[PDB]
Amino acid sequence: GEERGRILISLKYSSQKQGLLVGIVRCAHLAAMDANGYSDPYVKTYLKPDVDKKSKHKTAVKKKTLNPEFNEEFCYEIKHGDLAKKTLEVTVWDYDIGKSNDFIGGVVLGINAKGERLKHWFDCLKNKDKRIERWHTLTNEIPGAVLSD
C-alpha cells in the first residue's frame, strides 16, 4: 500500500459508559485530490462487523487543506468483551461538488491488524479508562473502498 498522509486517532474505552470513544483529532500531509492542489477532507468511521448498519460517523468537511484539524469524538456502545470482535475502519475523503467524493486513504485497527495498527487497538483494549492517542500513516488500499493506485 502507498502512503496518503497521516491521521491522529484517539481511543479510550470508558468503563462507566461501556463505550469506545473514538477521537478523530487531525491529519497531516493528506493526498491532494483537487485541481487546486488541495483536498476538502472529512473522515468517516465504522465499527465492523456492523450489526444493523448503524455505526457510520462522519466529521465536518474542512475546506481546501491537506492538514485538517477536526477534534471530534464519537462513541460506540459496546461491552468490553466484544471489542476484540471488531475492527475500526477509518477513512479519509475529499468532498467534491459535481462528482463522487474522492477517496484519500484509510487505516483499519483491530486485533487482526499488524504493527501499530494492532498495537494501538491492543493498548486501548488492555488499558481501560486510559486514552491512547497515536498517529497512523494512511494507506490507499482499504477493502471495500476503491482500487489501489
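Start at 1 with the first residue shown and count on from there.
Legend: mean Cα B-factor per stretch from the PDB entry, 10 to 18 versus 132 to 140; the higher mean is in 10 to 18. Stretches 111 to 119 and 50 to 58 differ in mean CA B factor, with 50 to 58 having the higher one. The PDB entry assigns the greatest CA B-factor among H29, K99, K85, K44 to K99. Annotation for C124: C-alpha temperature factor in the middle third relative to the rest of the modelled chain, per the entry.
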